[PDB]
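In structure tokens, the next block holds one chain alone, the form deposited in one PDB entry.
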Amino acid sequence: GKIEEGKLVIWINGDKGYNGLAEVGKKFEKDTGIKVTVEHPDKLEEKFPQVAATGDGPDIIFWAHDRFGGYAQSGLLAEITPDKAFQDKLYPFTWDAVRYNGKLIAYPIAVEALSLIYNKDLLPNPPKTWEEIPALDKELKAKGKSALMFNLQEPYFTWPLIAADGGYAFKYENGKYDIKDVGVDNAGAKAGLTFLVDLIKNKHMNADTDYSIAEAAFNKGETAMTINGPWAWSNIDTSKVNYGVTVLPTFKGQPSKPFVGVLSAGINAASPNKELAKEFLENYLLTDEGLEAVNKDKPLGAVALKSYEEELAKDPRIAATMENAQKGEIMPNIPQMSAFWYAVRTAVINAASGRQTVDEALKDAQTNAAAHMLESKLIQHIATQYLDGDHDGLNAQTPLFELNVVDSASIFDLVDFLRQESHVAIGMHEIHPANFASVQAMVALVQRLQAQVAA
């Protein structure tokens, strides 16, 4: 073919144990005569869809799973065929991260989620419930310290509590995420966010705490607890703090539901070496000995293979990661998560600051996400159609007129696209510069129009 037959080329990020992975590849070659080449290009996750579309690229790509949904929609990933006996060797939830339109499109490798991190000297037995945290803060305040500090600026960090009693990102049903069903506007998300705001109002936490401030406070022994992932363990100053890592607290007797990222291995749809790639991944890498080779080069954290997870879980920090991940929410593998992230970032910051109420903030978030999705659709349309498909500094606020895109005939083509994608009638009296000066204004017009008729 155009990818070389009888050879395996693998792409993995340079912050992974690629040298340990290469050791697995050497033993594959010893047994089969097939050479394995491990490469770690910069920006490999952007290069892959470019070169795969032309029939090129690696036979196997390693990356976080949430990117593989777009690769699959472009038809770049082969459908993988592990029998049920093999699937049984990995924790069942990991296979839900690697499915697209009913099909398995990758092998789970390692699993990552937030955990509760705590100062053992200040707090030898950390709390099991969010509810008992205000009582713990008051005791520690008497000795000039606080119970808990974590990054309240980024919704990825506050979602575990918001989703605990019923939040979700996108509804998952019949194998597919429904981008019209964002799970922010319900009683469970409101309950979680409400408990978070009341922590702020009762001064147990401060709304401006971000990543760095929380990390510094924990290293100084000023706060007994924080919330962070495995990437942060090496920055904990163990010359000052003896720390442990544990299951997140419950809310209303429900586990916190942190988002779960799954490092996954996909097979290039243009590779003629699909069967060799399956053999390598199933019978060489996804084994106690294969994962150990990678782990010894650079730790994998918690792994999807049950047997080796049991071994690594002798490290209680790793056991905690997997327990939190089993209770968490798999990150949806669709490009519309960018709308979710934007919409929920806004709502949590506003609820925390007193700007909106928990109720108004969460109801607003569904509308904001749809708005963001439409903007994205428009930006891509305008780029693909008038700019060769590349967004060279194209924003929702970019001035369409000065770009020389809103031509004298091209405007009505844009109106039509707007009519199709939003199912509203757009009269001639709405076709004026303040409505079409930017993508944001076009979306705002569409949003305003929908209400006028639906009332």
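Don't overthink the numbering: it's just position in the shown sequence, from 1.
Quick note: we don't show the form deposited in another entry, though the next part is all about it.
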Which one of 293, 260, 59, 191 is found at the hinge, the spot where the C-alphas switch from fitting one rigid part better to fitting the other better, between this form and the one not shown? 260
In that other deposited form, the Cα separation between residue 91 and residue 252 changes by 3 Å or more relative to the shown form; did it shrink or grow? farther
Out of closer and farther, which fits the Cα atoms of residue 243 and residue 298 in that other deposited form compared with this form, where the change is 3 Å or more? closer
